[PDB]
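Undergrad: Encoded as structure tokens, here's the structure I'll be asking about.
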Amino acid sequence: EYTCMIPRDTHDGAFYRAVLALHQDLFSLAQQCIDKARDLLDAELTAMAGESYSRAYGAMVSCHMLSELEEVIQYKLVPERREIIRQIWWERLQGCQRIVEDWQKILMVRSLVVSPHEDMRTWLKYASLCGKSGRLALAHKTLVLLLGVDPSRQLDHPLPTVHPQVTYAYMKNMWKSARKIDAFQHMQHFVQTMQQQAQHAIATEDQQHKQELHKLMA
Amino acid sequence: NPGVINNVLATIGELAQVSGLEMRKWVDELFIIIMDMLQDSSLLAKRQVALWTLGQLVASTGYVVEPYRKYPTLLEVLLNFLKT
Ligand SMILES: O=P(O)(O)O[C@H]1[C@H](OP(=O)(O)O)[C@@H](OP(=O)(O)O)[C@H](OP(=O)(O)O)[C@@H](OP(=O)(O)O)[C@H]1OP(=O)(O)O
């Protein structure tokens, strides 16, 4: 209902109409709206790129975000390329400029098919970026969403041992933001209940887990 | 005639679209060839087909950021096509 009033001649209008048509499995209309937004953005791109590249990065990020919608089509069409495009997404996100304002919209156009619980290697970096950029209240929300239960409500219950990277990042965030004493006991208990876990894990073939647990313990 | 070049470029782009991640052993020489046919164009050959097949072998192989430094003239020649 909101996108119906956005003008159709602007770049944002075509972009959002393409996203909406893609949400309801319309692979022919979405391609046309994408191709229209392409030139609607190319106008201002060539208008702004004549000065400097740092001036045109604001449109280059939008063009990159628009060129990632076809990969969403391939994700929703061919099941064999899902992990490969899910990996090239992480490989391509490491080249952009570390700013939360554009990372948010890139991850939002990216989470159209990948839930935060399916690729958390790219959301832990987002939480760390929000923490380093002074926006700790968004890093806390991201870490809570990745965990599944907000530990700031049950001050006595331990932290969920599942997803060890997420709880490690949460303890780091708790130490950094407010409390330097509770995070200490939390990390002690985490190290204890994580060292008491590798003993019962007699891995004979899957060797991609013991080394990661050892690095985390270090 | 450039018809053979356009034909082989189109078929090699279709092949790269067909077989993904099994062409990573070939993308380097393909890049060195297709950038020398795109940039420093001694003749007036078809640039759209070369551009399309170049963009087609980076969405299948996953060559995202490395060519930006392996070929430091790629971004400039990609931006010039908006003003030329
Ligand atoms: O910023 P720090 O608190 O010092 O933590 C850093 C940081 O990771 P986090 O910020 O996500 O915890 C590094 O990543 P960058 O943000 O600096 O790029 C990471 O190195 P990687 O890039 O390889 O992930 C490094 O880990 P390591 O100590 O193995 O170098 C890790 O340090 P800690 O996890 O020990 O705090």
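Every chain in the structure tokens takes a letter, A first, then B, and so on in the order presented; its residues are numbered from 1, and the ligands are numbered from 1 following the presented order.
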Could I get the residue neighbourhood of ligand 1 at 9 Å, counting only C-alpha atoms and all ligand atoms, as an NGL selection string?

TA: :A and (124-129 or 131-132 or 168-169 or 172 or 215-216 or 218)

Undergrad: Residues of chain A that approach chain B to 8 Å or less, counting only C-alpha atoms: could you list each one with the shortest pair of atoms and its distance in Å to one decimal, rows by chain and increasing residue number, as a Markdown table?

TA:
| residue | atom | partner | partner_atom | distance |
| --- | --- | --- | --- | --- |
| A:42 | CA | B:82 | CA | 7.9 |
| A:46 | CA | B:82 | CA | 5.7 |
| A:49 | CA | B:79 | CA | 7.7 |
| A:85 | CA | B:62 | CA | 7.9 |
| A:88 | CA | B:62 | CA | 5.7 |
| A:91 | CA | B:64 | CA | 7.0 |
| A:92 | CA | B:64 | CA | 5.7 |
| A:95 | CA | B:65 | CA | 6.5 |

Undergrad: From a DSSP calculation on the backbone, collect every residue of chain B in alpha helix (DSSP H) and output the set as a PyMOL selection string.

TA: chain B and resi 3-18+27-38+47-56+66-70+74-80

Undergrad: Create the file for the chosen residues now, containing N, CA and C atoms and written as a short mmCIF file (atom, residue, chain, number, x, y, z; two decimals), in the first residue's frame.

TA:
data_model
loop_
_atom_site.label_atom_id
_atom_site.label_comp_id
_atom_site.auth_asym_id
_atom_site.auth_seq_id
_atom_site.Cartn_x
_atom_site.Cartn_y
_atom_site.Cartn_z
N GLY B 3 32.83 -11.36 -36.66
CA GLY B 3 31.72 -12.25 -36.37
C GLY B 3 32.15 -13.48 -35.59
N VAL B 4 33.31 -14.04 -35.94
CA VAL B 4 33.82 -15.21 -35.21
C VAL B 4 34.14 -14.84 -33.77
N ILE B 5 34.66 -13.63 -33.54
CA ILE B 5 34.99 -13.20 -32.19
C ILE B 5 33.72 -13.04 -31.36
N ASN B 6 32.71 -12.39 -31.93
CA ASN B 6 31.45 -12.22 -31.21
C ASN B 6 30.80 -13.57 -30.93
N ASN B 7 30.86 -14.49 -31.89
CA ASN B 7 30.26 -15.81 -31.69
C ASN B 7 30.97 -16.57 -30.58
N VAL B 8 32.30 -16.58 -30.59
CA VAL B 8 33.02 -17.33 -29.56
C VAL B 8 32.84 -16.68 -28.20
N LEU B 9 32.73 -15.34 -28.15
CA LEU B 9 32.47 -14.68 -26.88
C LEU B 9 31.10 -15.04 -26.34
N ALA B 10 30.07 -15.03 -27.19
CA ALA B 10 28.73 -15.39 -26.73
C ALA B 10 28.68 -16.83 -26.25
N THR B 11 29.29 -17.76 -27.01
CA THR B 11 29.26 -19.15 -26.58
C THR B 11 30.09 -19.39 -25.33
N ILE B 12 31.18 -18.64 -25.14
CA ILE B 12 31.97 -18.85 -23.94
C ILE B 12 31.27 -18.24 -22.73
N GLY B 13 30.50 -17.16 -22.93
CA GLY B 13 29.68 -16.65 -21.84
C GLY B 13 28.58 -17.62 -21.46
N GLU B 14 27.92 -18.21 -22.46
CA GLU B 14 26.90 -19.22 -22.17
C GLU B 14 27.51 -20.43 -21.46
N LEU B 15 28.72 -20.82 -21.86
CA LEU B 15 29.39 -21.94 -21.21
C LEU B 15 29.73 -21.61 -19.76
N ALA B 16 30.27 -20.41 -19.51
CA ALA B 16 30.56 -20.00 -18.14
C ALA B 16 29.29 -19.94 -17.30
N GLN B 17 28.17 -19.55 -17.90
CA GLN B 17 26.90 -19.58 -17.18
C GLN B 17 26.45 -21.01 -16.91
N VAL B 18 26.80 -21.95 -17.79
CA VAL B 18 26.37 -23.33 -17.61
C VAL B 18 27.19 -24.01 -16.51
N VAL B 27 39.63 -18.16 -15.70
CA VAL B 27 39.16 -16.78 -15.68
C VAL B 27 40.30 -15.78 -15.80
N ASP B 28 41.52 -16.15 -15.41
CA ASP B 28 42.63 -15.21 -15.46
C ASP B 28 43.01 -14.88 -16.90
N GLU B 29 43.25 -15.90 -17.72
CA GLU B 29 43.59 -15.66 -19.12
C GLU B 29 42.42 -15.04 -19.88
N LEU B 30 41.19 -15.45 -19.56
CA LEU B 30 40.03 -14.82 -20.17
C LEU B 30 39.97 -13.34 -19.82
N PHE B 31 40.31 -12.98 -18.59
CA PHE B 31 40.35 -11.57 -18.20
C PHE B 31 41.43 -10.82 -18.97
N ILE B 32 42.64 -11.39 -19.02
CA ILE B 32 43.74 -10.73 -19.72
C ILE B 32 43.42 -10.53 -21.19
N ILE B 33 42.64 -11.44 -21.78
CA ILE B 33 42.28 -11.30 -23.19
C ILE B 33 41.15 -10.29 -23.36
N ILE B 34 40.11 -10.38 -22.53
CA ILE B 34 38.92 -9.58 -22.74
C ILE B 34 39.11 -8.14 -22.30
N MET B 35 40.05 -7.86 -21.39
CA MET B 35 40.36 -6.47 -21.08
C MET B 35 41.18 -5.83 -22.19
N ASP B 36 42.04 -6.60 -22.85
CA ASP B 36 42.79 -6.08 -23.98
C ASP B 36 41.93 -5.94 -25.23
N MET B 37 40.82 -6.67 -25.32
CA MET B 37 39.86 -6.41 -26.39
C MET B 37 38.86 -5.31 -26.02
N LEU B 38 38.57 -5.12 -24.73
CA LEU B 38 37.72 -4.02 -24.31
C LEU B 38 38.49 -2.70 -24.30
N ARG B 47 31.81 -3.99 -28.46
CA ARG B 47 32.16 -3.92 -27.05
C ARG B 47 31.04 -4.40 -26.13
N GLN B 48 29.79 -4.34 -26.59
CA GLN B 48 28.68 -4.77 -25.74
C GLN B 48 28.73 -6.26 -25.46
N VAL B 49 29.05 -7.07 -26.47
CA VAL B 49 29.11 -8.52 -26.27
C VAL B 49 30.26 -8.88 -25.34
N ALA B 50 31.41 -8.21 -25.49
CA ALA B 50 32.53 -8.46 -24.60
C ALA B 50 32.19 -8.05 -23.17
N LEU B 51 31.53 -6.91 -23.00
CA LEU B 51 31.11 -6.47 -21.67
C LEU B 51 30.14 -7.46 -21.05
N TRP B 52 29.20 -7.98 -21.84
CA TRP B 52 28.23 -8.93 -21.32
C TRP B 52 28.89 -10.23 -20.90
N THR B 53 29.77 -10.78 -21.74
CA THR B 53 30.43 -12.03 -21.38
C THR B 53 31.46 -11.84 -20.28
N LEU B 54 31.97 -10.62 -20.08
CA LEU B 54 32.82 -10.35 -18.93
C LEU B 54 32.01 -10.33 -17.65
N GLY B 55 30.87 -9.65 -17.67
CA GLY B 55 29.98 -9.68 -16.52
C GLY B 55 29.33 -11.02 -16.27
N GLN B 56 29.36 -11.91 -17.26
CA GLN B 56 28.75 -13.23 -17.13
C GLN B 56 29.67 -14.26 -16.51
N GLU B 66 39.10 -9.32 -6.26
CA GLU B 66 40.47 -9.52 -6.71
C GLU B 66 40.81 -8.85 -8.03
N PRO B 67 39.96 -8.88 -9.07
CA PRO B 67 40.35 -8.22 -10.33
C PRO B 67 40.49 -6.72 -10.22
N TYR B 68 39.93 -6.09 -9.18
CA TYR B 68 40.06 -4.65 -9.02
C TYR B 68 41.50 -4.25 -8.75
N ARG B 69 42.27 -5.12 -8.09
CA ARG B 69 43.69 -4.86 -7.85
C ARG B 69 44.60 -5.64 -8.78
N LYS B 70 44.17 -6.81 -9.27
CA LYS B 70 44.96 -7.53 -10.25
C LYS B 70 45.02 -6.78 -11.58
N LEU B 74 40.67 -1.53 -14.48
CA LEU B 74 39.35 -2.07 -14.80
C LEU B 74 38.24 -1.09 -14.42
N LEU B 75 38.33 -0.49 -13.23
CA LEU B 75 37.28 0.41 -12.77
C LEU B 75 37.23 1.68 -13.62
N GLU B 76 38.39 2.20 -14.02
CA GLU B 76 38.41 3.41 -14.83
C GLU B 76 37.77 3.17 -16.20
N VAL B 77 38.12 2.07 -16.86
CA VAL B 77 37.53 1.79 -18.16
C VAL B 77 36.08 1.36 -18.05
N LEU B 78 35.65 0.86 -16.88
CA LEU B 78 34.24 0.59 -16.68
C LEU B 78 33.45 1.87 -16.45
N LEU B 79 34.08 2.88 -15.84
CA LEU B 79 33.39 4.15 -15.61
C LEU B 79 33.39 5.04 -16.86
N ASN B 80 34.40 4.91 -17.72
CA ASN B 80 34.46 5.75 -18.91
C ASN B 80 33.31 5.48 -19.87
#

Undergrad: Please compute the CA of residue 199 (chain A)-CA of residue 155 (chain A) distance, one decimal, in Å.

TA: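 According to the coordinates, CA of residue 199 (chain A) and CA of residue 155 (chain A) are separated by 28.9 Å.
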
Undergrad: Just want the 10 Å neighbourhood of residue 143 (chain A), counted on only C-alpha atoms, with same-chain residues fewer than 2 positions away dropped. Output as a ChimeraX atom specification.

TA: /A:123-124,126-128,138-141,145-150,166-167,169-170,173

Undergrad: Please measure the separation of CA of residue 106 (chain A) and CA of residue 16 (chain A), giving the value in Å to one decimal.

TA: 13.6 Å

Undergrad: Which is closest to residue 68 (chain A) among A:96, A:53, A:32, A:110, if we use only C-alpha atoms?

TA: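 Looking at the shortest contact to residue 68 (chain A), the residue is A:110.
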
Undergrad: Using only C-alpha atoms, which residues sit within 8 Å of region 55-65 of chain A once same-chain residues fewer than 4 positions away are excluded, as a count of residues only?

TA: 12

Undergrad: Which residues are near region 189-198 of chain A? Cut-off 10 Å, only C-alpha atoms, ignore same chain within fewer than 3 positions. Put them as number ranges by chain.

TA: A: 158-162, 164, 167-168, 171, 183-186, 201-203, 209-210, 213-214, 216-218

Undergrad: Just write the chosen residues, N, CA and C atoms, as a PDB file, in the first residue's frame.

TA:
ATOM      1  N   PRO A 158      22.215 -18.680  33.042  1.00  0.00           N
ATOM      2  CA  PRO A 158      23.440 -18.598  32.238  1.00  0.00           C
ATOM      3  C   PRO A 158      23.136 -18.228  30.794  1.00  0.00           C
ATOM      4  N   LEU A 159      24.208 -17.998  30.044  1.00  0.00           N
ATOM      5  CA  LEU A 159      24.082 -17.677  28.630  1.00  0.00           C
ATOM      6  C   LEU A 159      23.933 -18.959  27.812  1.00  0.00           C
ATOM      7  N   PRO A 160      23.135 -18.934  26.745  1.00  0.00           N
ATOM      8  CA  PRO A 160      22.974 -20.135  25.910  1.00  0.00           C
ATOM      9  C   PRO A 160      24.298 -20.571  25.304  1.00  0.00           C
ATOM     10  N   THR A 161      24.724 -21.786  25.657  1.00  0.00           N
ATOM     11  CA  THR A 161      26.003 -22.299  25.184  1.00  0.00           C
ATOM     12  C   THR A 161      26.000 -22.594  23.690  1.00  0.00           C
ATOM     13  N   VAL A 162      24.827 -22.821  23.093  1.00  0.00           N
ATOM     14  CA  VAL A 162      24.764 -23.040  21.653  1.00  0.00           C
ATOM     15  C   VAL A 162      25.189 -21.769  20.922  1.00  0.00           C
ATOM     16  N   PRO A 164      28.512 -20.819  19.891  1.00  0.00           N
ATOM     17  CA  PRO A 164      29.525 -20.265  20.807  1.00  0.00           C
ATOM     18  C   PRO A 164      30.085 -18.922  20.369  1.00  0.00           C
ATOM     19  N   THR A 167      27.606 -16.125  21.641  1.00  0.00           N
ATOM     20  CA  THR A 167      27.685 -15.814  23.064  1.00  0.00           C
ATOM     21  C   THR A 167      29.034 -15.211  23.435  1.00  0.00           C
ATOM     22  N   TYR A 168      30.106 -15.586  22.733  1.00  0.00           N
ATOM     23  CA  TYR A 168      31.393 -14.933  22.959  1.00  0.00           C
ATOM     24  C   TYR A 168      31.322 -13.454  22.593  1.00  0.00           C
ATOM     25  N   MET A 171      29.305 -11.647  25.258  1.00  0.00           N
ATOM     26  CA  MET A 171      30.066 -11.366  26.470  1.00  0.00           C
ATOM     27  C   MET A 171      31.049 -10.223  26.250  1.00  0.00           C
ATOM     28  N   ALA A 183      30.354  -9.815  33.158  1.00  0.00           N
ATOM     29  CA  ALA A 183      30.960 -10.441  31.990  1.00  0.00           C
ATOM     30  C   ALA A 183      32.131 -11.332  32.376  1.00  0.00           C
ATOM     31  N   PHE A 184      32.838 -10.992  33.454  1.00  0.00           N
ATOM     32  CA  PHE A 184      33.963 -11.809  33.900  1.00  0.00           C
ATOM     33  C   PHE A 184      33.493 -13.191  34.347  1.00  0.00           C
ATOM     34  N   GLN A 185      32.496 -13.232  35.235  1.00  0.00           N
ATOM     35  CA  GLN A 185      31.944 -14.509  35.677  1.00  0.00           C
ATOM     36  C   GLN A 185      31.308 -15.262  34.516  1.00  0.00           C
ATOM     37  N   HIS A 186      30.642 -14.537  33.613  1.00  0.00           N
ATOM     38  CA  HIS A 186      30.047 -15.181  32.448  1.00  0.00           C
ATOM     39  C   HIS A 186      31.108 -15.854  31.588  1.00  0.00           C
ATOM     40  N   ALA A 201      33.632 -35.140  22.557  1.00  0.00           N
ATOM     41  CA  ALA A 201      33.609 -35.010  21.102  1.00  0.00           C
ATOM     42  C   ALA A 201      34.835 -35.731  20.546  1.00  0.00           C
ATOM     43  N   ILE A 202      34.689 -37.034  20.311  1.00  0.00           N
ATOM     44  CA  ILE A 202      35.761 -37.847  19.734  1.00  0.00           C
ATOM     45  C   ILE A 202      35.540 -37.837  18.224  1.00  0.00           C
ATOM     46  N   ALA A 203      36.112 -36.837  17.561  1.00  0.00           N
ATOM     47  CA  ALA A 203      35.954 -36.663  16.123  1.00  0.00           C
ATOM     48  C   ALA A 203      37.047 -37.436  15.394  1.00  0.00           C
ATOM     49  N   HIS A 209      36.028 -28.926  13.358  1.00  0.00           N
ATOM     50  CA  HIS A 209      35.359 -28.467  14.569  1.00  0.00           C
ATOM     51  C   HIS A 209      36.290 -28.359  15.765  1.00  0.00           C
ATOM     52  N   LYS A 210      37.215 -29.306  15.930  1.00  0.00           N
ATOM     53  CA  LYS A 210      38.109 -29.279  17.084  1.00  0.00           C
ATOM     54  C   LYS A 210      39.050 -28.081  17.034  1.00  0.00           C
ATOM     55  N   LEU A 213      37.137 -24.903  17.915  1.00  0.00           N
ATOM     56  CA  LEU A 213      36.875 -24.833  19.347  1.00  0.00           C
ATOM     57  C   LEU A 213      38.143 -24.494  20.119  1.00  0.00           C
ATOM     58  N   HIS A 214      39.289 -25.022  19.681  1.00  0.00           N
ATOM     59  CA  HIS A 214      40.547 -24.696  20.344  1.00  0.00           C
ATOM     60  C   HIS A 214      40.907 -23.226  20.159  1.00  0.00           C
ATOM     61  N   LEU A 216      38.771 -20.792  19.664  1.00  0.00           N
ATOM     62  CA  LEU A 216      37.839 -20.034  20.492  1.00  0.00           C
ATOM     63  C   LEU A 216      38.241 -20.085  21.959  1.00  0.00           C
ATOM     64  N   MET A 217      38.687 -21.250  22.435  1.00  0.00           N
ATOM     65  CA  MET A 217      39.120 -21.354  23.823  1.00  0.00           C
ATOM     66  C   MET A 217      40.352 -20.499  24.078  1.00  0.00           C
ATOM     67  N   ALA A 218      41.261 -20.428  23.105  1.00  0.00           N
ATOM     68  CA  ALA A 218      42.424 -19.557  23.245  1.00  0.00           C
ATOM     69  C   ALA A 218      42.002 -18.096  23.345  1.00  0.00           C
TER      70      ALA A 218
END

Undergrad: Quick one, how far is CA of residue 31 (chain A) from CA of residue 77 (chain A)?

TA: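 Between CA of residue 31 (chain A) and CA of residue 77 (chain A) the gap is 13.7 Å.
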